[PDB]
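Participant: Below: the sequence, then the experimentally determined structure.
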Amino acid sequence: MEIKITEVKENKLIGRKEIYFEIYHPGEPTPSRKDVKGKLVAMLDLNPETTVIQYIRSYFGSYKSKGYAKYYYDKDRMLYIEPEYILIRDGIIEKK
Amino acid sequence: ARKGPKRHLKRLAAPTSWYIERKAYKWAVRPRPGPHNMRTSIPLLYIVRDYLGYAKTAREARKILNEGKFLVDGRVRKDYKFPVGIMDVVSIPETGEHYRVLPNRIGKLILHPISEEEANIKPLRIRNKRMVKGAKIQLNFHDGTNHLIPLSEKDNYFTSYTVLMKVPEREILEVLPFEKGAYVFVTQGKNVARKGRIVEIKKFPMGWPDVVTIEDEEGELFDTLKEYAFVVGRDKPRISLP
Amino acid sequence: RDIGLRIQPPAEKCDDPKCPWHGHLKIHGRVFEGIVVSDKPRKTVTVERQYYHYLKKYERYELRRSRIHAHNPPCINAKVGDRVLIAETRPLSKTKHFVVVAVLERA
Amino acid sequence: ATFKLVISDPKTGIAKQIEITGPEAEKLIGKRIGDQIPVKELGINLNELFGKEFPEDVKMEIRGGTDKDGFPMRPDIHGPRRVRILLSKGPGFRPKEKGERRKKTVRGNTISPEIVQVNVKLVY
RNA sequence: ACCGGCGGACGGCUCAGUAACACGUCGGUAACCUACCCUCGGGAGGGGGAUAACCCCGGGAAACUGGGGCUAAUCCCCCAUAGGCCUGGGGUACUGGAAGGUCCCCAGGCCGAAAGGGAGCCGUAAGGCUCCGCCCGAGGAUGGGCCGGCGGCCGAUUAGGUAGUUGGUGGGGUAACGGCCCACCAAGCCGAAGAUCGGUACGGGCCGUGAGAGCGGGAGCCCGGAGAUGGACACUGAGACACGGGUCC
Ligand SMILES: [Mg+2]
Ligand SMILES: [Mg+2]
Ligand SMILES: [Mg+2]
Ligand SMILES: [Mg+2]
Ligand SMILES: [Zn+2]
């Protein structure tokens, strides 16, 4: 699979950066969240502990998928802003 | 409203001057009473979330507002229902950006980027003027705010004049009269968002409103209601306009 | 004296508090012109105005008439058959909501 | 007529309950709310019940009571009859809402054989 | 858990009643009310009181409910000042098309506020410095009340109808104008261009059909109206005669 970054935006008010990307992968299944997170943290030199993948979405007859993710500069700020369910879904915290 | 005031607002019944998707959801924010009226203002939440895009959901937008990151006319506003209207200045100091709220060419509210120096002044149209106890003059502006002046200067202010006010201290620094040759900007009606100079004034009996004629840059003439004409300068605008 | 109509005031004065020229009454709203058709009651007249209504299906016109009861100040004292000018005010009785302000053509 | 008596000592906040019937209870029938009567005339070992020395010639006054069905007595209604009236406050009604009024059944002033509980307090 | 504050009058449901200022549209209120919100101008002085919770004893088959003891507040009550309202006599400062309006000076009356309270830091302490608050006045905003002109069904095998009825004078009542309701004086008001009476039906944006002109419908989504088993009537409140609050038949 090939990852291409489309846009990176800075949000000083929240204290995070927002990343939009495309994944090109003909003849392969939709990439897993772990693989995408690893590739992203390798590509942009990010701490994996404060990186959340909002979504990965496939389309009808396309060979590529679209993804959106967020990166926080502080762990406490991330815990304070993000909803609980998305952190559980991304494996950052453990469900009760 | 059988027994009391309404508290809700459907999306399909929202005012037609907003930029909002009317079929995406069922409800919309019912604005709080405040400075402007319903037809010329929008709640702050839509500015934070839909226009600028600093927030994705309403919950995180309220967290931004509660920390005092937004200034409207130089004052911190925390209520997400607060109405923002024509000629207001929205300032984000942490990112160092400023906007002025203006009607579009089709009658919708948009944000016009402005310089930092211009962000300290607000034009106010003198909407009414009355006597108050202690023999003083009270001026009521177009956004509902009020000001006091002594009896000595009663002849320097009349209705439809424009006052340049320094915010947030609310100090007068300039008075622009309404007369022939003054520069005006139209705020409502069919000719909204057009600008020009005054040529003629007409009056009618029995309380019908009065009309003015305006010449634009290219030399075309058009008429509009007097109360829809907003004075912005002597012969050139004192503020940036699109 | 002027009340916004730009017409000549009546010749003499009256003591009626409901006279817009000499009393406390105020006028605001619509202004109509018509013909008096009855003046039996005290200080009251009936005024009739005619107009044409267009029938869309038959692409022709028909004549309709509107009748309004109005207050009749003693300083004016209109009679049957003359053209009068009437203006709208606050409610004065069950059916009276207008006042005569000028006689345009005596019968 | 058997009466269940509730004697309250205002000087300590402690109350005691004893059962009284017979000719002595017949004496109590007919009295309204707000009148005294010496306890010795009624006949009661006051000191033994409270385990406390008491002054002589002490008397008790009638404060309230409840009938055999559970309805209370209201000091402002004359006679011994039982009525059903619209109330907003006072004995026999607990509002629970601002401005609420409800129709309740109550008794009168005069004591009758229907009354079971009688609340009185000691008056030194 | 209890006292106390705010909300529970919005939202949700249905179309029985209603041919009417119910609805659509243009206007008016100089004849009116408005808790929460925004701006400007001011104020926060001195006293008093009860009670829930809690302890003792209970009554009643239950729904409910009694007596005694003790206590606090942004709970309740007084005094002052500010302030509000009515009427008479002057002056002309404001808005407006036009002042029974606003402003200033005398005079006789009646009504009549407030919680410097709470939280955190620097304070050894003394006191600050932020944050949330309480009362009065002028204006706005929001949500409404009231009024007018015009527009939209069927029946003559329904032709005369109305007597507080139509108008005037003097009052009462209302947040406010008004036969809205009284006392007194007149004979008016509506009608073959269809009154009155009877039938049927919530009104509109719209929807079905047709080349069009037209003809038919108006449950579902939005705006307005009305109702809570039928018929009457009140308490609290800024707002109700209140669908999950109260009274009678
Ligand atoms: Mg309701
Ligand atoms: Mg029906
Ligand atoms: Mg006082
Ligand atoms: Mg219909
Ligand atoms: Zn006259």
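Facilitator: That came through fine. Residues are numbered from 1 along each chain as shown, chains lettered A, B, ... in the order given. Ligands and ions are numbered 1, 2, ... in the order given.

Participant: can you give me the helices in the chain?
Facilitator: By default, I'm working from chain A. With helices called from DSSP state H, chain A shows them at A:33-44, A:75-81, A:84-89.

Participant: meant chain D, my bad for not saying
Facilitator: Taking DSSP H, the helices of chain D run over residues D:23-28, D:39-42, D:46-50.

Participant: hmm, who's touching the longest one?
Facilitator: Counting contacts by Cβ atoms under 8 Å, 6 or more residues apart in numbering or on different chains, the residues outside helix D:23-28 that touch it are D:1, D:2, D:3, D:20, D:37, D:41, D:42, D:43, D:111, D:118. Where C-beta positions appear, they are placed from N, C-alpha and C, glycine not excepted.

Participant: run the last query once more with 10 Å
Facilitator: For helix D:23-28, the surrounding residues in contact (Cβ atoms under 10 Å, 6 or more residues apart in numbering or on different chains) are D:1-3, D:5, D:19-20, D:37, D:41-44, D:62, D:111, D:113, D:115, D:118, D:120.

Participant: Just the C-alphas of it, formatted as CSV.
Facilitator: Taking C-alpha atoms only, helix D:23-28 is exported to CSV below (Å, rounded to 0.1, in the frame of the first residue of the first chain):
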residue,chain,number,x,y,z
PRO,D,23,-64.9,6.9,84.2
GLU,D,24,-61.7,9.1,84.0
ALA,D,25,-61.9,9.1,80.2
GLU,D,26,-65.5,10.1,80.5
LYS,D,27,-64.4,13.3,82.2
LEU,D,28,-62.2,14.2,79.2
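
Participant: So which bits of that helix are buried?
Facilitator: Using 16 or more other Cβ atoms under 10 Å in any protein chain shown as the burial criterion, the residues of helix D:23-28 that qualify are D:25, D:28.

Participant: start to end distance for stretch B:8-20?
Facilitator: 17 Å (Cα to Cα, to the nearest Å).

Participant: Quick one: name the residues of chain A near chain B.
Facilitator: A:9-14, A:18, A:54, A:70, A:80-83 (Cβ under 10 Å from any Cβ of the partner chain).

Participant: Identify the residue of chain D closest to ligand 5, quick one.
Facilitator: Residue of chain D nearest ligand 5, by Cβ to the ion: residue D:99 (52.8 Å).

Participant: ok now do that residue, which residues does it touch?
Facilitator: For residue D:99, the residues meeting the contact criterion (Cβ under 10 Å, 6+ apart) are residue D:88.

Participant: ok, back up a step: just the buried ones from the contacts of helix D:23-28?
Facilitator: Judged by neighbour count, with 16+ other Cβ under 10 Å as the criterion, the buried members of those are D:3, D:5, D:20, D:37, D:42, D:44, D:62, D:111, D:115, D:118, D:120.

Participant: so which of these would you say is closest to chain B?
Facilitator: Using Cβ to the nearest Cβ, the shortest approach to chain B within those belongs to residue D:115, at 46.5 Å.

Participant: Report the beta-bridge partners for that closest one.
Facilitator: Each beta-bridge partner of residue D:115 is listed here, defined by DSSP bridges: residue D:67.

Participant: what's the neighbour count on whichever residue of chain C sits closest to chain B?
Facilitator: Scanning chain C for the residue nearest chain B gives residue C:4, at 5.1 Å (criterion: Cβ to the nearest Cβ). Neighbouring residues of residue C:4 were enumerated by other Cβ atoms under 10 Å in any protein chain shown; the total is 13.

Participant: Do I have it right that it meets residue B:207?
Facilitator: Yes: Residue C:4 is within contact range of residue B:207, at 6.9 Å (criterion: Cβ atoms under 10 Å).

Participant: Quick check: neighbours shared by the two?
Facilitator: Contacts common to residue C:4 and residue B:207, judged by Cβ under 10 Å, 6+ apart, are C:27, C:28.

Participant: list the contacts for the most centrally placed residue in chain B?
Facilitator: Note on chain B: the residue nearest the mean C-alpha position is residue B:86, at 2.1 Å, using Cα atoms, centre = their mean. Listed by Cβ under 10 Å, 6+ apart, the contact set of residue B:86 reads B:35-36, B:40-41, B:100-103, B:109, B:123, B:125, B:142-143, B:185, B:187-188, B:230.

Participant: Equivalent analysis for residue C:49, please.
Facilitator: Taking Cβ under 10 Å, 6+ apart, we find residue C:49 in contact with C:32, C:33, C:34, C:35, C:64, C:65, C:66, C:67, C:68, C:86.

Participant: Count the residues that sit near the fourth one.
Facilitator: Burial of residue C:35, expressed as a neighbour count using other Cβ under 10 Å, amounts to 16.

Participant: If it is in a bridge, with which residues?
Facilitator: In this structure, residue C:35 has the following beta-bridge partners (DSSP bridges): residue C:48, residue C:83.

Participant: Quick check, it in contact with residue C:81.
Facilitator: Yes: taking Cβ under 10 Å as the contact criterion, residue C:35 and residue C:81 are neighbours in contact, 7.1 Å apart.

Participant: what sits in contact with each of these two?
Facilitator: Taking Cβ under 10 Å, 6+ apart as the contact criterion, the common neighbours of residue C:35 and residue C:81 are C:105, C:107.

Participant: which residue is nearest the centroid of chain A?
Facilitator: The central residue of chain A, meaning the one whose C-alpha is nearest the mean C-alpha position (Cα atoms, centre = their mean), is residue A:53 at 2.5 Å.
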